[PDB]
Amino acid sequence: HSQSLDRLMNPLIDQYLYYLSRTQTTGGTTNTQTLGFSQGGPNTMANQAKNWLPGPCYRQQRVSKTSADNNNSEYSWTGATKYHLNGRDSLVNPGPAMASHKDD
Amino acid sequence: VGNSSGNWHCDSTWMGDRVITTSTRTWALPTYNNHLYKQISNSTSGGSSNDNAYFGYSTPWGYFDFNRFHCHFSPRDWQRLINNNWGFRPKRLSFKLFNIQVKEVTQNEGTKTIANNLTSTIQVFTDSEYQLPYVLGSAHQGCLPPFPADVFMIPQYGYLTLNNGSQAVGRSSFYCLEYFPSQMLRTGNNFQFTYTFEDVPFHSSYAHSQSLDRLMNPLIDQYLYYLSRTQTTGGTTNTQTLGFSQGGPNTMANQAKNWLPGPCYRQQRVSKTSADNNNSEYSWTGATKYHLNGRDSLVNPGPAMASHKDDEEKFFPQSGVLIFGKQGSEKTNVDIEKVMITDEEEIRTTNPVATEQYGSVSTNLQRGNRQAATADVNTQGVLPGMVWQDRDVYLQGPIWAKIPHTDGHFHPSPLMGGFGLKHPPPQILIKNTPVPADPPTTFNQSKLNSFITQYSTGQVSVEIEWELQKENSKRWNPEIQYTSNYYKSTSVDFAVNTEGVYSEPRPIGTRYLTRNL
Amino acid sequence: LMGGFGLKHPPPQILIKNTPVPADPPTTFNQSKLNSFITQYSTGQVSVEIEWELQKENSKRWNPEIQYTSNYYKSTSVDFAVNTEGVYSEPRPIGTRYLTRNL
Ligand SMILES: CO[C@H]1O[C@H](COS(=O)(=O)O)[C@@H](O[C@@H]2O[C@@H](C(=O)O)[C@@H](O[C@H]3O[C@H](COS(=O)(=O)O)[C@@H](O[C@@H]4O[C@H](C(=O)O)[C@@H](O[C@H]5O[C@H](COS(=O)(=O)O)[C@@H](O)[C@H](O)[C@H]5NS(=O)(=O)O)[C@H](O)[C@H]4O)[C@H](OS(=O)(=O)O)[C@H]3NS(=O)(=O)O)[C@H](O)[C@H]2OS(=O)(=O)O)[C@H](O)[C@H]1NS(=O)(=O)O
């Protein structure tokens with residue numbers, strides 16, 4: 001896909017929907033409890049309202065191809081994600097579908 | 001030039017099983033980006049964090065957005081639909097663009113002169129193949145206004161692509177809108193376009209009159225037992241035992257059930273009275289937010305869940321609701337009397353409260369020495385046997401959203417409410433065709449950057465046929481209808497004030513009529 | 001009570017307005033409704049044809065009746081005509097009850 005599921009908006013227009021933006025009066029010396037609402041916009045793309053959510057997850061342990069970056073322990077079986085079935089554990093491999101790593 | 005292209009149709013027609021709502025409006029289209037496609041990023045908008053980072057393009061095109069219920073239904077029509085029908089869904093749409101005028105404004109010597117250019121055109125195409133980034137359904141502004149008397153300006157089309165901060169990745173795509181077959185229209189020409197909606201489930205515009213955990217016969221016991229007592233009650237030395245009771249009209253909580261409440265993703269509970277909230281800035285810290293490719297995004301409004309329990313109107317989930325803004329309300333840090341927070345409490349019958357644990361699960365194996373421990377389930381995905389209701393619709397809220405083209409989607413109903421469509425009404429894009437100013441008298445290979453300043457106006461109609469599902473309630477006592485309160489006010493609700501400013505005082509949902517579970 | 005014909009379905013009201021024509025909008029999108037318009041007004045002609053049914057007088061009276069007549073005496077200006085400045089004026093209110101009939 002050439003678009004990210006969390007960036008399907010129009011970057012030039014704001015929304016007509018608000019979100020809890022500020023919870024505390026900002027400064028004075030004595031900033032207290034308040035409730036401020038902002039409209040999602042091209043600068044707050046993370047706070048905007050979305051219609052969809054990312055696919056399901058079953059977290060995995062992250063190992064590095066450069067063995068010097070990994071913890072010095074035998075976690076091939078201990079730190080693995082594994083389902084339990086009738087009293088015995090099995091490796092979730094390759095498991096359900098998920099991205100391998102973040103950017104860079 | 002001297003003959004109108006169309007007429008003004010802006011009324012609804014009720015034919016018993018269906019309603020056709022037409023709505024004409026007058027628009028204005030300026031020239032965007034001065035006819036240029038500009039690359040935009042979070043750095044051009046003044047830089048941001050990594051969560052707000054983006055990379056997209058601005059285009060010279062505007063687009064029509066009639067994806068809101070108030071563009072079609074009047075407050076009265078909406079009330080006549082909400083009080084009598086159990087469900088409704090759209091069947092066919094019919095967009096028309098006419099009475100086009102391309103005015104040419106020439107600002108010379110402080111004196112502005114606006115004259116019509118009869119030979120200038122506008123290009124307008126509709127992406128029926130969904131080859132362009134679909135932008136509608138993100139709840140943006142620029143809709144046909146709700147009141148038919150006013151004229152609106154057409155929003156600017158711009159799309160986003162993949163990014164790595166403010167930069168573009170390999171897969172980032174650039175779509176030229178000029179590479180599609182538009183349709184040049186001079187004054188005198190009109191644009192007609194028809195569309196028929198796919199088969200989508202009716203929107204359940206009723207509340208349930210029974211709770212999903214009270215679907216038994218309160219006079220009869222069950223023939224099924226449950227662990228009732230684990231310890232002999234008293235003596236002095238009460239010891240381990242096992243007693244079983246039969247669920248009955250007094251133990252309704254222990255009875256056996258066939259179904260479970262809809263899924264959950266717990267939200268933080270804030271009070272409308274700021275004195276009841278913790279004194280900290282948790283707008284972003286205490287929020288529920290999904291992680292995607294290393295950056296966090298607010299789950300808002302998130303999936304469908306009840307707002308509060310019984311007798312707790314003051315509390316609302318932090319993100320779990322749609323918050324509209326009253327008329328003229330600003331854009332940033334506006335206070336709570338400037339917004340209208342929706343109340344999704346009519347689904348407490350099937351859906352769990354947005355601000356409470358879903359359930360409790362055993363976390364260990366009780367034994368002679370180890371005792372029974374249990375945990376609170378904050379996030380609970382679907383399970384066989386679950387049943388839930390979808391978010392309401394809101395005469396000010398969205399109508400549909402395009403279901404993302406993925407190979408996997410569960411219950412593709414939009415989280416903001418509405419109808420999830422795989423082939424939603426296409427995006428009608430429109431721009432003013434460029435008209436160059438006098439070119440040099442000697443050839444210059446450089447593209448012409450001097451243009452005649454102009455903008456176009458005209459009318460636009462949008463007719464939608466909705467299928468209704470009439471209410472056949474065999475209930476005995478009266479139901480709960482939406483009604484304008486009879487008390488005398490300064491100004492009528494859903495009417496213009498003394499200055500000609502139309503305002504919708506409150507957010508109207510659909511769930512008024514009740515039905516059994 | 002003011003006279004005339006009481007109708008349950010009277011000639012409908014013909015309403016007419018000039019369609020708004022917005023002045024040049026901003027070059028950046030503003031959600032606010034456009035309040036700047038091109039000043040204009042329209043003119044033109046209007047005709048109204050009405051067919052009236054009459055009920056002719058069949059008086060079998062012997063002596064002459066009372067007709068509405070413009071008094072024969074010489075005036076400065078004709079009645080129901082324009083004065084020397086082009087201003088039309090109706091000098092008196094004319095009713096219908098002139099012809100007599102038995103009860
Ligand atoms: C944090 O870890 C530490 O604590 C946890 C528990 O605490 S916690 O929950 O709060 O975190 C410990 O984990 C629990 O206990 C483990 C353990 O004790 O090893 C282990 O228990 C399970 O397996 C145990 C051994 O089973 S076996 O089949 O491998 O042998 C078992 O205890 C044994 O019970 C058997 C039994 O009752 O049968 C005993 O066998 C004896 O009797 C058998 C039959 O008797 S009969 O009369 O002849 O018929 C004979 O056949 C056998 O020869 C005889 N053995 S003998 O040597 O005494 O002669 C055996 O001796 C016991 O050790 C547990 O059962 S139980 O009986 O103790 O209740 C069994 N779990 S259970 O049955 O579900 O209860 C588990 O990993 C775990 O179980 S738990 O109940 O979920 O907690 C952890 O070990 C401990 N580790 S530490 O931190 O490093 O110190």
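Within every chain, numbering begins at 1; the chains are lettered A, B, ... in the order of the sequence lines, protein sequences first and strands thereafter. Whatever order the structure lists them in is the order used to number ligands and atoms, beginning at 1.
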Any protein heavy atom lying closer than 4.0 Å to [atom]?
atom: atom 82 (O) of ligand 1; result: yes
atom: atom 69 (O) of ligand 1; result: yes
atom: atom 10 (O) of ligand 1; result: yes
atom: atom 87 (N) of ligand 1; result: no
atom: atom 21 (O) of ligand 1; result: no
atom: atom 48 (O) of ligand 1; result: no

Distance alone, cut at 3.5 Å: any donor-acceptor contact between the side chains of B:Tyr206 and B:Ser473? no
Nearest neighbour in protein (non-hydrogen) for atom 8 (S) of ligand 1: B:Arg370 CD, 3.9 Å
Which residue supplies the protein heavy atom nearest to atom 74 (O) of ligand 1, what is that atom called, and how far is it? B:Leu365 CD1, 4.5 Å
List the steps, then state whether side chain to side chain contact (heavy atoms under 4.5 Å, CB included) holds for B:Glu471 with B:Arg515. CA-CA 9 Å; B:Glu471 115 270 48; B:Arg515 184 177 191 176; over 6 Å; no
Is the side chain of B:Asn351 donor-acceptor paired with the backbone N or O of B:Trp388 at a distance under 3.5 Å, no angle test? no
Check for a donor-acceptor pair, side chain of B:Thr350 on one end and backbone N or O of B:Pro261 on the other, with a separation under 3.5 Å. no
List every atom of ligand 1 that sits less than 4.0 Å from any heavy atom of B:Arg367, numbering the atoms from 1 in the order shown and giving each element. 68 (O), 69 (O), 75 (O), 79 (O), 80 (S), 81 (O), 83 (O)
Residues B:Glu356 and B:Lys309 bridged, charged N to O under 4.0 Å: yes
Within 45° of the ring axis of B:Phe315 and under 6.0 Å from its six-membered ring centre, is that where the NZ or CZ of B:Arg269 lies? yes
Got B:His308 and B:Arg348 here, is their nearest side-chain heavy-atom distance under 4.5 Å? yes
